[PDB]
Amino acid sequence: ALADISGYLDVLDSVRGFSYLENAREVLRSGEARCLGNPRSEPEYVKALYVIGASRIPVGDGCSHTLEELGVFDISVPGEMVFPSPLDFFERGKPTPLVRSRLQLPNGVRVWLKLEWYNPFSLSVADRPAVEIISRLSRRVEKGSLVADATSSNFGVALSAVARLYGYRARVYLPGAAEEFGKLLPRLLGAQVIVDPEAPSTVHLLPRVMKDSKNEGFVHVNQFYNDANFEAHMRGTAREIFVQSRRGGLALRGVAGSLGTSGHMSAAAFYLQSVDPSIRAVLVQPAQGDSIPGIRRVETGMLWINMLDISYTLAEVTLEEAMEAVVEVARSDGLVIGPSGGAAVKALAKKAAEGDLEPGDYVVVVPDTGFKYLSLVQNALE
Ligand SMILES: CC(=O)OC[C@H](NCc1c(COP(=O)(O)O)cnc(C)c1O)C(=O)O
């Protein structure tokens with residue numbers, strides 16, 4: 001029998017660790033889930049289900065229910081694209097678009113692009129962890145309270161916006177080398193902003209954020225470590241690739257993307273590999289000495305990418321290559337992607353060249369719009 005999952009979302013604040021994820025892998029692999037006699041007594045299974053994009057739980061004794069009956073596949077978008085609030089627009093205004101590139105790759109590698117700039121607040125994939133995180137604070141953190149984090153830019157803009165929609169004030173911390181929008185848009189959205197012109201990176205900022213949190217009592221939401229990040233991509237980004245492939249009738253063979261927190265690629269890799277372990281995951285490694293906005297090398301220490309049972313393949317990419325791929329994509333598709341998108345595309349194109357890859361459809365995740373990167377565009381034009 002089917003029940004509305006929303007009555008059981010206390011399990012999100014309750015359940016700790018990664019054990020539940022074996023329930024999620026199992027249900028995804030099987031296409032079904034067993035009826036729960038006493039749903040309350042199985043917080044971890046319930047959590048696994050929410051995590052996969054279900055809106056109903058199976059309830060009763062003996063039966064089971066399909067991913068479809070569970071709502072993994074519900075259409076959320078109103079056909080007329082009319083939303084009663086910005087938040088509902090974030091929620092229901094999904095999936096982001098999966099678009100086939102006109103770009104040709106060797107060895108029968110067919111590229112689609114998932115355009116994450118189609119999120120309303122930061123015009124980036126960071127909208128998703130910002131909503132999911134803040135949403136959870138919402139129940140036990142007092143309105144009016146200040147929340148804060150290190151950001152490369154995207155996260156901070158997104159967070160600043162979502163926090164205000166929720167009653168919170170916001171503070172964002174950025175390295176000197178971050179984009180100017182990251183430093184300026186939060187203020188517009190009414191957050192405070194701190195720029196450390198010294199910090200050679202986002203992560204380098206975490207110590208001062210933590211200390212400051214201890215001192216000032218603000219809540220440090222920590223995207224780098226907060227599981228509402230990966231869970232947000234599991235139920236959004238990753239479910240969507242799954243659903244978009246099955247329904248777009250793609251013969252899905254792999255995904256490609258970049259890594260900052262590592263949240264979205266981890267979810268996409270995890271979720272899809274549960275459905276078929278042969279699904280590849282091609283990941284970018286900014287060539288050492290190079291900086292590609294929003295992303296970094298794998299061994300700089302990332303939570304989920306390392307900690308979960310995920311198969312993946314690294315490729316290096318310079319700033320110069322990532323940009324040449326912005327230009328390639330701009331000229332084929334008339335889509336202006338950002339540097340991490342460029343890199344992700346290039347990583348996919350390198351692996352294509354080596355003949356590493358089973359030929360088929362490959363979904364590349366584009367984190368944001370190239371519009372935000374005009375002086376790198378300027379540099380890439382020489
Ligand atoms: C350095 C860092 O991790 O910045 C994190 C946020 N940017 C995310 C981001 C990514 C990577 O997605 P994820 O963090 O692995 O899930 C890729 N490209 C861009 C342009 C991004 O902004 C942040 O903004 O703080």
Side-chain angles (χ1 to χ4, degrees), residues 114-117 119 121-130 132-133 148-162 170 172-175 177-179 181-183 185-186 191 193 199-206 209 220-234 236-238 255-270 281 283-286 291-298 300-306 308 310 312 317 319 322-323 326 336-345 347 364-373 376:
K114 192 157 170 68
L115 320 171
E116 290 282 333
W117 77 72
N119 286 296
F121 311 108
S122 79
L123 267 51
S124 78
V125 61
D127 279 32
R128 318 221 202 202
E132 180 80 25
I133 274 143
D149 204 351
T151 194
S152 56
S153 272
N154 276 341
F155 190 72
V157 182
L159 174 91
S160 305
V162 188
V172 170
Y173 289 75
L174 305 93
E179 264 54 47
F181 71 94
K183 298 181 188 183
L185 291 175
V193 166
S201 71
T202 316
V203 294
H204 185 260
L205 286 156
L206 282 158
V209 173
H220 169 215
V221 302
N222 211 340
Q223 60 167 330
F224 289 101
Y225 209 60
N226 180 330
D227 310 311
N229 175 347
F230 159 92
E231 305 162 5
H233 287 298
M234 273 293 290
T237 318
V255 293
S258 36
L259 302 168
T261 76
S262 84
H264 77 268
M265 279 321 297
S266 318
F270 184 92
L283 286 52
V284 181
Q285 273 262 95
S291 30
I292 307 177
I295 66 163
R296 66 212 171 105
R297 305 195 52 102
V298 175
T300 352
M302 319 185 138
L303 177 53
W304 309 270
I305 183 55
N306 304 307
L308 302 143
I310 280 163
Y312 74 80
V317 179
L319 177 61
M323 289 318 279
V326 173
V336 175
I337 78 193
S340 31
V345 162
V364 172
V365 170
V366 186
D368 60 359
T369 165
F371 274 62
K372 298 160 151 156
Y373 299 104
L376 288 179

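One-based numbering along the sequence shown. Just follow the structure's listing: the first ligand is 1, and inside any ligand the first atom is 1. We use all heavy atoms of the structure for the numbers below, so side chains are in, but hydrogens, waters and symmetry mates are not.
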Could you check whether the rings of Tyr373 and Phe181 sit parallel, tilted or perpendicular, using 30° and 60° as the cut-offs? perpendicular

Quick one: which of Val157, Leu159, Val172 gives a side chain to side chain contact (heavy atoms under 4.5 Å, CB included) with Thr151? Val172

With distance as the sole test, does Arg297 use its side chain to make a donor-acceptor pair with the main-chain N or O of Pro286 at under 3.5 Å? yes

Look up atom CG in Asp368 and atom OG in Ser122, then write down how far apart they are to the nearest 0.5 Å. 7.5 Å

Using a strict cut-off of under 4.0 Å between a residue heavy atom and any atom of ligand 1, list the qualifying protein residues by chain and number. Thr151, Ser152, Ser153, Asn154, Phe155, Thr202, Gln223, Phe224, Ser258, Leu259, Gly260, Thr261, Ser262, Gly263, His264, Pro293, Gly294, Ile295, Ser340, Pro367, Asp368, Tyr373

CD1 of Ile133 to CG of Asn226: how many Å apart, nearest 0.5 Å? 4.5 Å

Does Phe121 offer a backbone N or O that forms a donor-acceptor pair with the side chain of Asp127 under 3.5 Å? yes

